[PDB]
Amino acid sequence: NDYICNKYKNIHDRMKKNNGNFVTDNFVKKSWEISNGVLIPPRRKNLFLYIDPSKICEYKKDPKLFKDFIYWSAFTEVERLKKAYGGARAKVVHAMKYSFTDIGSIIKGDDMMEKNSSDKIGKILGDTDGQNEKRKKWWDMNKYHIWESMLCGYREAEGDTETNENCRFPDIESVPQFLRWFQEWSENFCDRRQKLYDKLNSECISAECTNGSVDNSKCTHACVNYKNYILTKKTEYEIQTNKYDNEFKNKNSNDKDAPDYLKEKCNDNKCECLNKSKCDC
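Conventions we followed
Residues numbered from 1 in each chain as written, not as in the entry; some residues may be left out. Heavy atoms only, no water. Residues with missing side-chain atoms left out of burial classes, pairs and counts. Helix = DSSP H or I, 4+ residues; strand = E, 2+ residues; numbered from the N terminus. Buried < 20%, exposed > 50% of the residue type's maximum accessible area, 1.4 Å probe, protein only. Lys, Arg positive; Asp, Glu negative; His and termini not counted. Salt bridge = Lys/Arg side-chain N within 4 Å of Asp/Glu carboxyl O. Polar contact = N/O pair within 3.5 Å; in protein donor to acceptor, adjacent residues only side chain to side chain. Contact = heavy atoms within 4.5 Å. Disulfide = S-S within 2.5 Å.

Chemist: Help me understand the side chain of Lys249 in this model?
Modeler: Positionally, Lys249 belongs in the loop between helix 9 (217-248) and helix 10 (258-265). Comment: no salt bridge for buried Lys249; closest opposite-charge side chain is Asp257, at 5.3 Å. Only 3.5 Å separates the side chain of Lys249 from the backbone oxygen of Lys256, close enough to count as a polar contact. Apart from residues lying up to four places away in sequence, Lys249 is in contact with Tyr244, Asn254, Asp255, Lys256 and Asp257.

Chemist: Would you take a moment to explain the pattern of salt bridges for this structure?
Modeler: Close approach of charged atoms lets side chains of opposite charge pair. Within this structure, the stated rule accounts for 18 salt bridges. Here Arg80 makes a salt bridge to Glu77, at a shortest N to O gap of 2.7 Å. Taken together, the residues span about one helical turn, with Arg80 and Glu77 both in helix 4 (residues 63-84) at a distance of three residues. The two residues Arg80 and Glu77 agree in class, both being buried. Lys143 serves as the salt-bridge partner of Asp140, at 3.5 Å between the closest nitrogen and oxygen. With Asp140 and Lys143 both in helix 7 (residues 133-157) and three residues apart, the pair spans about one turn of that helix.

Chemist: Would you explain the state of the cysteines in this entry?
Modeler: Linking two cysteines covalently via their sulfur atoms produces the bond known as a disulfide. Evaluation of the coordinates by the stated rule reveals six disulfides. Here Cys204 engages in a disulfide with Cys219; their sulfurs sit 2.0 Å apart. Residues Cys204 and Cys219 share a disulfide whose torsion about the S-S bond is about 100°; that sign makes it right-handed. Pair noted here: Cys204 is in the loop between helix 8 (177-203) and helix 9 and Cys219 is in helix 9, with a separation of 15 residues, a long-range link. Accessibility assignment for this pair places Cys204 and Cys219 in one class, buried. Sulfur-sulfur distance for the disulfide between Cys209 and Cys281 comes to 2.0 Å. Across the S-S bond linking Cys209 and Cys281, the dihedral sits near -75°, which makes this disulfide left-handed. The partly exposed category is assigned to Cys209, whose relative accessible area is 40%. We classify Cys281 as partly exposed; its relative accessible area is 42%.

Right, here's the structure in full:
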């Protein structure tokens, strides 16, 4: 029947029995974490890629088993994302792309959350000293199959629900992780800021400012949630814009400033709320 996905579904079922399962953490409404001065996407925290240290030698001797472990991990990563987004297809599709590229970053050892998974992969692929060429070669050879494994994980996860976004090999694959994370941050900010603003609109209907603060407590709670989110996000935006301006802007033929980079990379008007009210009493 599904002859493209049979290879991946079969690798997935055979590996599922031996190894463990994903970490359920429901990252969707979580705040971004600062780890070693770096803002980390909530999605990245429990990305499904765990090398069992007692298996390093087997993966070193059997390249087919290592290829299979990566395809199974990428497939399972999609399943984890489907659970997190409650089957909202358009959200899973977009997040799959970021997870796929972070899988690439972890393999290549350019991941900014941790070096432990990357370290072990370096041993498996035989990389030496601090060199990453062996892992770069493996990524460029297997990345198209890895995306197919993820597309298959997606297909198992949602059979036919309508999804607007394209599913071709992600153009973001060549983009440095900081920039991908900044885009994810930006899209996530506009979406959540809207939802929190709707909650503020929904609870502050009959609410009025009398003798200082607002009368309705459910409205005050939505006001503080909104204000705390904006204060936090304004700071997260400055830290990211500062790193953008200092390390990326005017380098590698990129004369664009942060909002223009986002205007170019965010598709479907997702970052428009960037570069563009009744609680304070």
